[PDB]
Amino acid sequence: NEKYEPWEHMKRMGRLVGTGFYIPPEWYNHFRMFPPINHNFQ
Amino acid sequence: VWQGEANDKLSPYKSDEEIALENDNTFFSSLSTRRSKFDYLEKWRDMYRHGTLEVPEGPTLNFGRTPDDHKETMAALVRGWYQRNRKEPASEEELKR
Amino acid sequence: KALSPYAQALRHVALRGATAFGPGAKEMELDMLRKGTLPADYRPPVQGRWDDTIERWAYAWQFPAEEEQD
Amino acid sequence: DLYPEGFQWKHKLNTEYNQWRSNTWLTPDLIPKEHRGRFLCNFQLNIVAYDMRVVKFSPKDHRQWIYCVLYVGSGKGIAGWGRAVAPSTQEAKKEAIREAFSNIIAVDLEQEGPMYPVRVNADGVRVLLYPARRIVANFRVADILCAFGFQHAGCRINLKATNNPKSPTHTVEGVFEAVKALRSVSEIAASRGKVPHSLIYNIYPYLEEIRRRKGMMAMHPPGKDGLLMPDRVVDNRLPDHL
Amino acid sequence: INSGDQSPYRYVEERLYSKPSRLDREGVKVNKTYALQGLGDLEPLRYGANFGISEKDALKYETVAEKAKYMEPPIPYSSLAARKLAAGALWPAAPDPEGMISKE
Amino acid sequence: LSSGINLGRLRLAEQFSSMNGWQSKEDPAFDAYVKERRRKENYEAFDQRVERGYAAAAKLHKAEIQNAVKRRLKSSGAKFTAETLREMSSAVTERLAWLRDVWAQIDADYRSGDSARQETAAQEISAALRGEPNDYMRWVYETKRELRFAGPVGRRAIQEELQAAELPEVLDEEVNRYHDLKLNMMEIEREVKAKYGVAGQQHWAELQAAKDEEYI
Amino acid sequence: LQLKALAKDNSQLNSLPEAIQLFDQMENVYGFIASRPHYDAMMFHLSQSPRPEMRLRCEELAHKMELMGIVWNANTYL
Amino acid sequence: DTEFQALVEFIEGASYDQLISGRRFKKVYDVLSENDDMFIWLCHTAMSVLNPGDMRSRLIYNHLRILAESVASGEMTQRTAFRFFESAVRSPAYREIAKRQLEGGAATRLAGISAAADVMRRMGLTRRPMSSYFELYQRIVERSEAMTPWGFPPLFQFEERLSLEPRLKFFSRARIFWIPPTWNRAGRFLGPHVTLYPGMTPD
């Protein structure tokens, strides 16, 4: 199952924050600067 | 000094040597070239243990703890401010004009 | 704040009194461990070389690489 | 509640004077830990369905519980849907509300709807969410589109390939799966490397954004010495009235 | 363990691994205390508090395919899982080999 | 690509790969970096209980500033943009710098050697670790609301009295959060039973009489 | 060189999202780790936009630069 | 302190009813195991087997440090954090770094977990200020994630699927696993609602 994925969760958090009526936690901006490690393209 | 730099509006644009020339211009602010806070602390620690620098025991700048802290701050700085304002006319009248 | 490091040093000594020019916190912990009066919640400096290795690992995680080009 | 943590004064309480009064069921532990003190918008509850379900614990013990599907949502763009079963009605509503807040999602209300047709399908239910300038759907789908804030949208649900087309969770599940799979214009423009206003607006220098990047010495005709910038020849940069 | 006109093995089996026992562990208000209350590292890892399987979330699904479709993946590691790893109780020990001895 | 940056990263990974290459008195650049970091941490460190109290107070101040930004955006109805995030992060960083400047005095009193200074520092550490808010923040909120609601002579007097006192930059939303909180009945009841005796009991009986009179 | 050219490119309107997508393609797809020239060429282009999200991206890039063992210099402060 | 308060309540109850019951021990087992120090120790023993000089390991180190700090702050729940951790662990870069640290011989993972205990003491990632060193001793002297040669707990959820296929003998070859309902006689209380797991028996 790929519906529970750190990239999908980061995308969900980003489009949740982009409304302007949700306050981001610290790990959202700290994961924008340090993205999760991918298994693809290797 | 830190209350005078906050209202100067040119202090971020000045170097360390210009501010040390404006404030003291003596051996106390001269470093003998890298200038930082910890170099001044390492110099004044060795000046304290020699004992050419005398330091009052206890925080002379008090805030954040008690609601009356600026009164305790001014009570710890009356002597140094009065000596700073009175020894320069004392050194002037020592010259016997 | 926009303070000069000379003014930052003056404010540092004004905040800490004569304790800024005395022993450090690690030297106070060493004296409290040697005299025997150290509380239970404090971390004892039991080994010097292994604490040095721990600090060197934690500082080597931030140590810059050499980008100078000969 | 926007204040989960802070200064806890001894002489003062934790509530305020001008506080909105709670409901008979509304408890502060409904919103989970990761979303507590985060939502800046008030939500409104809409009940999809109540049902009675026989729940088996033992071979000699069968209870009759109540199963509730609902969705919470605010017109500012954040909504979620949930479903839960419980021995009573209010406990099923509370557990479905905390499930809906656990599975909450959001979209972009820059254009108040989609900008490309989204045809998605779960197992059997096929739902299309297309752009429009009105809201065109039935009332059960128009209420969810108002829960998301999609005023300029259209939605169409086909339930013929489902095993039970009369199930009430299929409609809200399909609408939430279609709105979840919708990309915003800014997201597509950032993924392509474009500005978003070049993707929706009819202005002619946006045609410059369509083609690939080519050199200005290559598109303009050369001079006597070779390739030349078009701003280095006097007759191009100087206007004709001077 | 008080037996109560039953074999103690089957009584502890019904009190540990039956469906009302794990539903009482999750919280259902069953008749009277179908699960064991006080267990430390002897608690099964299926019914731990930090585990990713909760029967209260699974009661709303009437089919096993809906449980395989909609439920979250289970939590892999917990404190009880750490204690069973330190004890080596993640897999049972191999019994005596009955493949080639006899059928007595 | 064998360039200066790539070869520098390669020899850095080769140095830090094993244990043998990066210990003491082996590499002068890493020893100089560790020496400068330890020189920096020699002056800017506290006692461990002072560090725990500073961590608790920093968590409380950060939560209070975030609640102030939440109250402002809930009252105005505006959205949370990156500009409000930048403003909130700058306010939190300035407040944490001010809290370091405050707790430097508590660390100096805790390591001074006097009985009264160490006793007051232990009182401050115990008040911070239990989660109890400071009286200085209450006084700051009260004098900020007094500065807000005074006339120009009183405003100039308060601004000239506290221009040199190191006050933290407090938003109006913090003062509004402190002021609009309801007061506790049990604490005022205990205070009126401790300050006044049987007259306090008679006054609280009359207050409960007025309460159950307004109930009817 | 591509990010340096995109920092001054005024031929089209989409130079900043193209630079953002090129940095993301270099880091995530190509597998290259950004050094000081990549961070400098990206921060010089992000410092030109007065939008607060691009300024936040520039601040987060400077913080990731100082966290990854690359100290700040005169170009970073500039 | 709620753990000492629950211990006081346990002592008062065991002195009241004069026996060791099941309710009080379950209460103090729930109170003494509310800490999230297990997942923080997972992230820090994954950070310990990394390389302080390699930039890829610096990215993995900062990612897992941010993950552990977000778990300790309570802003991120446990299940999504476990998804982030198993996505960071299953990557071939982290596994290659762990293989290089195994091929070294003078590995820096002991200083890694020691600095991890010091960081968990300093940043307030524990319940007691000196409990991280006892937890370090527990990780060292017992079978745990610290004695695994790659730095994660040895469950099959933290290992890759293409390595899971040739070793283990599962249901069918050539997610949540269930017993299909063709087995009408599997065990006494076993059925289709009883899940099974590949590399462990949680029963």
# chains A, B, ... in the order shown; residues from 1 in each chain; ligands from 1
>>> select_by_dssp(residues="chain B", states="helix (DSSP H, G or I)", output="number ranges by chain")
B: 2-5, 11-13, 16-23, 37-48, 70-75, 78-94
>>> write_last_selection(atoms="N, CA and C atoms", output="short mmCIF file (atom, residue, chain, number, x, y, z; two decimals), in the first residue's frame")
data_model
loop_
_atom_site.label_atom_id
_atom_site.label_comp_id
_atom_site.auth_asym_id
_atom_site.auth_seq_id
_atom_site.Cartn_x
_atom_site.Cartn_y
_atom_site.Cartn_z
N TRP B 2 25.21 49.15 25.93
CA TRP B 2 24.20 48.43 25.17
C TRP B 2 22.88 49.19 25.08
N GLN B 3 22.65 50.15 25.97
CA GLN B 3 21.52 51.05 25.82
C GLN B 3 21.81 52.19 24.86
N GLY B 4 23.08 52.50 24.62
CA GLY B 4 23.44 53.53 23.67
C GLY B 4 23.56 53.01 22.26
N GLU B 5 23.91 51.73 22.11
CA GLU B 5 23.97 51.13 20.79
C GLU B 5 22.59 50.82 20.22
N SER B 11 25.16 51.69 14.62
CA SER B 11 25.95 50.64 15.24
C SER B 11 26.01 49.30 14.49
N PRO B 12 24.96 48.83 13.78
CA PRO B 12 25.19 47.65 12.92
C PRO B 12 26.09 47.92 11.73
N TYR B 13 26.23 49.17 11.30
CA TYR B 13 27.06 49.51 10.16
C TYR B 13 28.48 49.87 10.55
N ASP B 16 34.01 46.58 14.65
CA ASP B 16 34.35 46.44 16.06
C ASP B 16 35.37 47.49 16.50
N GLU B 17 36.31 47.83 15.61
CA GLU B 17 37.37 48.77 15.97
C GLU B 17 36.82 50.18 16.12
N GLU B 18 35.82 50.55 15.31
CA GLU B 18 35.23 51.88 15.42
C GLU B 18 34.45 52.04 16.72
N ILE B 19 33.72 50.99 17.12
CA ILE B 19 32.95 51.06 18.36
C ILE B 19 33.87 51.00 19.57
N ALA B 20 34.95 50.22 19.49
CA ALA B 20 35.93 50.19 20.58
C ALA B 20 36.73 51.49 20.65
N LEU B 21 36.88 52.20 19.53
CA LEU B 21 37.52 53.51 19.55
C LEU B 21 36.58 54.56 20.12
N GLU B 22 35.28 54.45 19.82
CA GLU B 22 34.32 55.43 20.30
C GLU B 22 34.05 55.27 21.79
N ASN B 23 34.02 54.03 22.28
CA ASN B 23 33.65 53.80 23.68
C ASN B 23 34.80 54.10 24.63
N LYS B 37 33.30 38.41 20.90
CA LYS B 37 32.91 38.54 22.30
C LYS B 37 33.80 37.70 23.21
N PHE B 38 34.12 36.48 22.77
CA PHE B 38 34.88 35.57 23.60
C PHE B 38 36.35 35.96 23.70
N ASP B 39 36.87 36.71 22.73
CA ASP B 39 38.22 37.26 22.87
C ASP B 39 38.27 38.31 23.97
N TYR B 40 37.24 39.16 24.05
CA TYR B 40 37.14 40.13 25.14
C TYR B 40 36.95 39.43 26.48
N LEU B 41 36.17 38.33 26.49
CA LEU B 41 35.98 37.59 27.73
C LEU B 41 37.27 36.90 28.19
N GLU B 42 38.03 36.33 27.25
CA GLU B 42 39.30 35.70 27.59
C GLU B 42 40.35 36.72 28.02
N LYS B 43 40.29 37.95 27.48
CA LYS B 43 41.20 38.98 27.94
C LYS B 43 40.82 39.48 29.33
N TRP B 44 39.53 39.71 29.57
CA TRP B 44 39.10 40.26 30.85
C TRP B 44 39.15 39.23 31.97
N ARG B 45 39.09 37.94 31.65
CA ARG B 45 39.31 36.91 32.67
C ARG B 45 40.75 36.93 33.17
N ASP B 46 41.71 37.05 32.25
CA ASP B 46 43.11 37.14 32.65
C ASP B 46 43.41 38.47 33.33
N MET B 47 42.69 39.53 32.96
CA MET B 47 42.84 40.80 33.68
C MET B 47 42.22 40.74 35.07
N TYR B 48 41.23 39.86 35.27
CA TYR B 48 40.59 39.75 36.58
C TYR B 48 41.44 38.98 37.58
N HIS B 70 14.44 46.84 37.97
CA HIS B 70 15.17 48.03 37.54
C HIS B 70 15.61 48.89 38.71
N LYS B 71 14.90 48.82 39.84
CA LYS B 71 15.36 49.49 41.05
C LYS B 71 16.62 48.84 41.60
N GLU B 72 16.66 47.50 41.61
CA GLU B 72 17.86 46.78 42.02
C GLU B 72 18.98 46.94 41.01
N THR B 73 18.64 47.15 39.74
CA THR B 73 19.65 47.42 38.73
C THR B 73 20.27 48.80 38.93
N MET B 74 19.44 49.81 39.19
CA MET B 74 19.95 51.16 39.42
C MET B 74 20.69 51.26 40.75
N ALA B 75 20.32 50.46 41.74
CA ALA B 75 21.03 50.47 43.01
C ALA B 75 22.42 49.86 42.90
N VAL B 78 24.79 52.89 40.74
CA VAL B 78 24.94 54.28 41.14
C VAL B 78 26.42 54.62 41.33
N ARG B 79 27.19 53.68 41.88
CA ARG B 79 28.58 53.95 42.22
C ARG B 79 29.44 54.09 40.97
N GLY B 80 29.28 53.17 40.01
CA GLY B 80 30.09 53.24 38.80
C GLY B 80 29.74 54.42 37.92
N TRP B 81 28.45 54.76 37.82
CA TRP B 81 28.04 55.92 37.03
C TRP B 81 28.49 57.22 37.69
N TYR B 82 28.39 57.30 39.02
CA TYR B 82 28.84 58.51 39.71
C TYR B 82 30.36 58.66 39.64
N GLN B 83 31.10 57.54 39.69
CA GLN B 83 32.55 57.62 39.54
C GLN B 83 32.93 58.00 38.11
N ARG B 84 32.20 57.49 37.12
CA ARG B 84 32.44 57.84 35.72
C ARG B 84 32.17 59.32 35.47
N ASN B 85 31.15 59.88 36.13
CA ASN B 85 30.83 61.29 35.94
C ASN B 85 31.61 62.22 36.86
N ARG B 86 32.28 61.71 37.90
CA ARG B 86 32.95 62.58 38.85
C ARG B 86 34.47 62.48 38.84
N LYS B 87 35.06 61.42 38.27
CA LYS B 87 36.52 61.35 38.26
C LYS B 87 37.13 62.13 37.11
N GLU B 88 36.36 62.41 36.06
CA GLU B 88 36.85 63.26 34.98
C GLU B 88 36.93 64.74 35.40
N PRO B 89 35.97 65.33 36.14
CA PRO B 89 36.27 66.63 36.76
C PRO B 89 37.31 66.55 37.86
N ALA B 90 37.46 65.40 38.53
CA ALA B 90 38.53 65.26 39.52
C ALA B 90 39.90 65.23 38.85
N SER B 91 40.01 64.53 37.71
CA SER B 91 41.25 64.56 36.95
C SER B 91 41.48 65.90 36.27
N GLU B 92 40.40 66.64 35.97
CA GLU B 92 40.55 67.98 35.41
C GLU B 92 41.06 68.96 36.46
N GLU B 93 40.50 68.93 37.67
CA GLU B 93 40.96 69.79 38.75
C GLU B 93 42.28 69.33 39.36
N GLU B 94 42.70 68.08 39.09
CA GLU B 94 44.03 67.65 39.48
C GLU B 94 45.11 68.29 38.62
#
>>> interface_residues(of="chain H", to="chain D", cutoff="8 Å", atoms="only C-alpha atoms", output="MDAnalysis selection string")
chainID H and resid 74:77
>>> atom_distance(atom1="CA of residue 5 (chain F)", atom2="CA of residue 95 (chain H)")
25.0 Å
>>> interface_residues(of="chain G", to="chain H", cutoff="10 Å", atoms="only C-alpha atoms", output="list in words")
residues 31, 32, 33, 34, 35, 64, 67, 68 and 69 of chain G
>>> closest_atom_pairs(of="chain E", to="chain H", cutoff="6 Å", atoms="only C-alpha atoms", output="tab-separated table")
residue	atom	partner	partner_atom	distance
E:18	CA	H:189	CA	5.9
E:37	CA	H:22	CA	4.9
E:38	CA	H:22	CA	3.8
E:44	CA	H:203	CA	5.0
E:45	CA	H:202	CA	4.6
E:46	CA	H:202	CA	5.2
E:86	CA	H:143	CA	4.5
E:90	CA	H:200	CA	5.2
E:91	CA	H:201	CA	5.5
>>> closest_atom_pairs(of="chain F", to="chain C", cutoff="9 Å", atoms="only C-alpha atoms", output="CSV")
residue,atom,partner,partner_atom,distance
F:3,CA,C:69,CA,7.8
F:4,CA,C:69,CA,4.9
F:5,CA,C:67,CA,4.7
F:6,CA,C:67,CA,8.2
F:7,CA,C:66,CA,8.3
F:8,CA,C:66,CA,4.8
F:9,CA,C:65,CA,5.8
F:11,CA,C:65,CA,8.5
F:12,CA,C:65,CA,6.1
F:16,CA,C:60,CA,7.6
F:22,CA,C:56,CA,7.9
F:23,CA,C:53,CA,6.9
F:24,CA,C:52,CA,8.1
F:30,CA,C:63,CA,7.3
F:31,CA,C:56,CA,8.8
F:33,CA,C:63,CA,7.4
F:34,CA,C:59,CA,6.7
F:37,CA,C:59,CA,8.0
F:42,CA,C:24,CA,6.0
F:43,CA,C:20,CA,7.0
F:45,CA,C:25,CA,6.8
F:46,CA,C:25,CA,6.4
F:47,CA,C:25,CA,6.1
F:48,CA,C:42,CA,6.8
F:49,CA,C:42,CA,8.1
F:94,CA,C:1,CA,8.0
F:97,CA,C:1,CA,8.9
F:101,CA,C:15,CA,7.1
F:102,CA,C:15,CA,8.1
F:104,CA,C:16,CA,6.1
F:105,CA,C:15,CA,5.6
F:106,CA,C:16,CA,8.7
F:107,CA,C:16,CA,7.8
F:108,CA,C:16,CA,5.2
F:109,CA,C:16,CA,8.3
F:111,CA,C:19,CA,7.2
F:112,CA,C:19,CA,6.4
>>> closest_atom_pairs(of="chain A", to="chain H", cutoff="10 Å", atoms="only C-alpha atoms", output="tab-separated table")
residue	atom	partner	partner_atom	distance
A:1	CA	H:175	CA	6.7
A:4	CA	H:83	CA	7.5
A:5	CA	H:83	CA	7.0
A:6	CA	H:84	CA	5.7
A:7	CA	H:84	CA	9.3
A:9	CA	H:80	CA	8.2
A:24	CA	H:75	CA	9.6
A:25	CA	H:75	CA	6.4
A:26	CA	H:70	CA	7.4
A:27	CA	H:70	CA	6.0
A:28	CA	H:70	CA	9.6
A:30	CA	H:66	CA	6.9
A:31	CA	H:63	CA	7.2
A:33	CA	H:63	CA	9.2
A:34	CA	H:63	CA	5.8
A:35	CA	H:63	CA	7.2
A:36	CA	H:88	CA	6.6
A:37	CA	H:88	CA	5.6
A:38	CA	H:91	CA	6.6
A:39	CA	H:91	CA	5.3
A:40	CA	H:91	CA	9.0
A:42	CA	H:92	CA	8.4
>>> write_last_selection(atoms="N, CA, C and O atoms", output="mmCIF file, in the first residue's frame")
data_model
loop_
_atom_site.group_PDB
_atom_site.id
_atom_site.type_symbol
_atom_site.label_atom_id
_atom_site.label_comp_id
_atom_site.auth_asym_id
_atom_site.auth_seq_id
_atom_site.Cartn_x
_atom_site.Cartn_y
_atom_site.Cartn_z
ATOM 1 N N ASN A 1 0.821 -1.205 0.000
ATOM 2 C CA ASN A 1 0.000 0.000 0.000
ATOM 3 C C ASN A 1 0.859 1.260 0.000
ATOM 4 O O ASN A 1 1.702 1.450 0.877
ATOM 5 N N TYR A 4 -0.196 5.195 2.429
ATOM 6 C CA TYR A 4 0.487 5.624 3.647
ATOM 7 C C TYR A 4 1.976 5.679 3.317
ATOM 8 O O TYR A 4 2.694 4.686 3.435
ATOM 9 N N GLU A 5 2.432 6.859 2.904
ATOM 10 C CA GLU A 5 3.781 7.091 2.423
ATOM 11 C C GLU A 5 4.230 8.426 3.000
ATOM 12 O O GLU A 5 3.396 9.330 3.170
ATOM 13 N N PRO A 6 5.512 8.566 3.359
ATOM 14 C CA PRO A 6 5.994 9.866 3.857
ATOM 15 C C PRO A 6 5.900 10.995 2.846
ATOM 16 O O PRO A 6 5.654 12.140 3.244
ATOM 17 N N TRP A 7 6.068 10.713 1.552
ATOM 18 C CA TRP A 7 5.860 11.750 0.547
ATOM 19 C C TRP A 7 4.387 12.123 0.435
ATOM 20 O O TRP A 7 4.049 13.305 0.299
ATOM 21 N N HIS A 9 2.199 11.804 2.899
ATOM 22 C CA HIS A 9 1.857 12.500 4.135
ATOM 23 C C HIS A 9 2.387 13.928 4.128
ATOM 24 O O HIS A 9 1.720 14.844 4.626
ATOM 25 N N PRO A 24 1.217 24.989 10.781
ATOM 26 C CA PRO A 24 2.112 23.853 10.578
ATOM 27 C C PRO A 24 2.870 23.508 11.845
ATOM 28 O O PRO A 24 3.267 24.400 12.610
ATOM 29 N N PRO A 25 3.087 22.224 12.102
ATOM 30 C CA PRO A 25 4.060 21.824 13.123
ATOM 31 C C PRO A 25 5.482 22.080 12.645
ATOM 32 O O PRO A 25 5.735 22.453 11.498
ATOM 33 N N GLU A 26 6.430 21.867 13.559
ATOM 34 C CA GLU A 26 7.828 22.146 13.246
ATOM 35 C C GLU A 26 8.405 21.127 12.272
ATOM 36 O O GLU A 26 9.284 21.467 11.466
ATOM 37 N N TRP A 27 7.909 19.887 12.308
ATOM 38 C CA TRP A 27 8.470 18.851 11.454
ATOM 39 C C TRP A 27 8.093 19.026 9.992
ATOM 40 O O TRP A 27 8.791 18.491 9.135
ATOM 41 N N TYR A 28 7.040 19.788 9.684
ATOM 42 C CA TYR A 28 6.698 20.039 8.286
ATOM 43 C C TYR A 28 7.760 20.893 7.601
ATOM 44 O O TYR A 28 8.300 20.513 6.554
ATOM 45 N N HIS A 30 10.698 21.428 8.851
ATOM 46 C CA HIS A 30 11.973 20.740 9.013
ATOM 47 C C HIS A 30 12.121 19.540 8.081
ATOM 48 O O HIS A 30 13.241 19.059 7.886
ATOM 49 N N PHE A 31 11.026 19.031 7.519
ATOM 50 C CA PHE A 31 11.096 18.008 6.488
ATOM 51 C C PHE A 31 11.113 18.597 5.089
ATOM 52 O O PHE A 31 11.520 17.907 4.148
ATOM 53 N N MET A 33 13.121 21.054 4.518
ATOM 54 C CA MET A 33 14.560 21.254 4.415
ATOM 55 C C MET A 33 15.345 19.951 4.486
ATOM 56 O O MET A 33 16.501 19.919 4.055
ATOM 57 N N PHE A 34 14.753 18.880 5.012
ATOM 58 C CA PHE A 34 15.391 17.565 5.043
ATOM 59 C C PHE A 34 14.353 16.544 4.611
ATOM 60 O O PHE A 34 13.597 16.015 5.436
ATOM 61 N N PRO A 35 14.282 16.247 3.316
ATOM 62 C CA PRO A 35 13.226 15.371 2.804
ATOM 63 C C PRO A 35 13.492 13.925 3.175
ATOM 64 O O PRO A 35 14.636 13.561 3.484
ATOM 65 N N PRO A 36 12.459 13.079 3.194
ATOM 66 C CA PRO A 36 12.683 11.656 3.462
ATOM 67 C C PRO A 36 13.450 10.984 2.335
ATOM 68 O O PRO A 36 13.392 11.396 1.174
ATOM 69 N N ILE A 37 14.183 9.939 2.700
ATOM 70 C CA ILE A 37 15.054 9.250 1.756
ATOM 71 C C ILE A 37 14.209 8.328 0.890
ATOM 72 O O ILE A 37 13.415 7.529 1.399
ATOM 73 N N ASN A 38 14.378 8.438 -0.423
ATOM 74 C CA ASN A 38 13.601 7.664 -1.377
ATOM 75 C C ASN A 38 14.362 6.417 -1.807
ATOM 76 O O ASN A 38 15.595 6.370 -1.772
ATOM 77 N N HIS A 39 13.605 5.399 -2.211
ATOM 78 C CA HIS A 39 14.178 4.161 -2.715
ATOM 79 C C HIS A 39 14.298 4.149 -4.231
ATOM 80 O O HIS A 39 15.035 3.319 -4.775
ATOM 81 N N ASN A 40 13.596 5.046 -4.916
ATOM 82 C CA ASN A 40 13.578 5.083 -6.367
ATOM 83 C C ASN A 40 14.798 5.826 -6.905
ATOM 84 O O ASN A 40 15.567 6.438 -6.158
ATOM 85 N N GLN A 42 17.570 4.808 -8.043
ATOM 86 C CA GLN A 42 18.873 4.332 -7.589
ATOM 87 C C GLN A 42 19.247 3.022 -8.273
ATOM 88 O O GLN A 42 19.179 2.908 -9.496
#
>>> interface_residues(of="chain F", to="chain G", cutoff="8 Å", atoms="only C-alpha atoms", output="list in words")
residues 5, 81, 82, 83 and 86 of chain F
>>> interface_residues(of="chain F", to="chain B", cutoff="7 Å", atoms="only C-alpha atoms", output="ChimeraX atom specification")
/F:102,105,135-136,139,164-166
